[PDB]
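Q: I have a structure I would like to understand better, so I am pasting it below and will then ask my questions one at a time.
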Amino acid sequence: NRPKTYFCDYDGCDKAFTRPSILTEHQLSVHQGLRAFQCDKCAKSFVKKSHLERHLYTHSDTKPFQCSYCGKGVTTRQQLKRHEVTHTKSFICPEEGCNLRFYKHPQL
DNA sequence: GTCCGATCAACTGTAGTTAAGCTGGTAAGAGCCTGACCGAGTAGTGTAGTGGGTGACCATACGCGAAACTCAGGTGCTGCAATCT
Ligand SMILES: [Zn+2]
Ligand SMILES: [Zn+2]
Ligand SMILES: [Zn+2]
Ligand SMILES: [Zn+2]
């Protein structure tokens, strides 16, 4: 919506941003080499609250997305969708007019 | 590079060693396809992290209108005085 009208000034940086706090998040993270959210359970650190929140689940068994078929736990919707698509007849015969459909790619 | 000509055997006259397949009953080469076993191949997958854009909520800005507040307009009598009598 609103136009990108805050330009990073550093040598060899191309980026422009919508609102000045975001330009500052970029500058402190990329160019100065500082981060604002530390893991309690390992050495790593993160640039956003949502990124530390994802990393915190990785230290735990009670992972926040749970499979509808097998009940395996995962941390975000992309992982869930890819995993659940393995519980489907995903693959299709690529050859002309052939009707068949398959569950594991080596079968196809 | 070439020159001479000696010299192993090239290409030339006849005297004596090699298969192919018959009768068979037979084990011998060379072989075929299903099956099993591990290495490698095809390639989509499993967590995990960087970035971005959407959405909500805010406040900041002007500009028009709404009510506020200040300061001075306006009403009407009559205490006192002056024109007409
Ligand atoms: Zn930059
Ligand atoms: Zn950690
Ligand atoms: Zn599952
Ligand atoms: Zn087919």
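Residue numbers for the first sequence follow the authors' numbering, so the first one is 44 and each next one is one higher. Each residue gets a CB set at the ideal place from its N, CA and C atoms; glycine is no exception.
With distance defined between alpha-carbon atoms, name the residue in 117, 138 and 111 nearest to residue 131.
A: Position 88 of the first sequence, counted from the start, is the residue given in the question as residue 131. Residue 111 is the option with its Cα nearest to residue 131.
Q: Classify residue 148 as buried or exposed, calling it buried when 16 or more other Cβ atoms lie within 10 Å of its own Cβ.
A: In the first sequence, the residue the question calls residue 148 occupies position 105. By the neighbour-count rule (16 or more Cβ atoms within 10 Å), residue 148 is not buried but exposed.
Q: Helix, strand or coil for residue 49? Go by DSSP, reduced to three states.
A: Here residue 49 refers to the residue found at position 6 of the first sequence. Strand.
Q: Can you give me the C-alpha to C-alpha distance between residue 157 and residue 105, rounded to a whole angstrom?
A: There is simply no residue 157 to check, as the chain begins at 44 and stops at 151 in what is shown.
Q: Let's test the definition: count the other Cβ atoms within 10 Å of the Cβ of residue 102 and tell me whether it reaches 16, buried, or not, exposed.
A: One-based indexing of the first sequence puts residue 102 at position 59. Its Cβ having fewer than 16 others within 10 Å, residue 102 is exposed.
Q: Can you tell me the Cα-Cα spacing of residue 89 and residue 128, whole angstroms?
A: The residue given as residue 89 occupies position 46 in the first sequence. The residue given as residue 128 occupies position 85 in the first sequence. Distance between the alpha carbons of residue 89 and residue 128 is about 30 Å.
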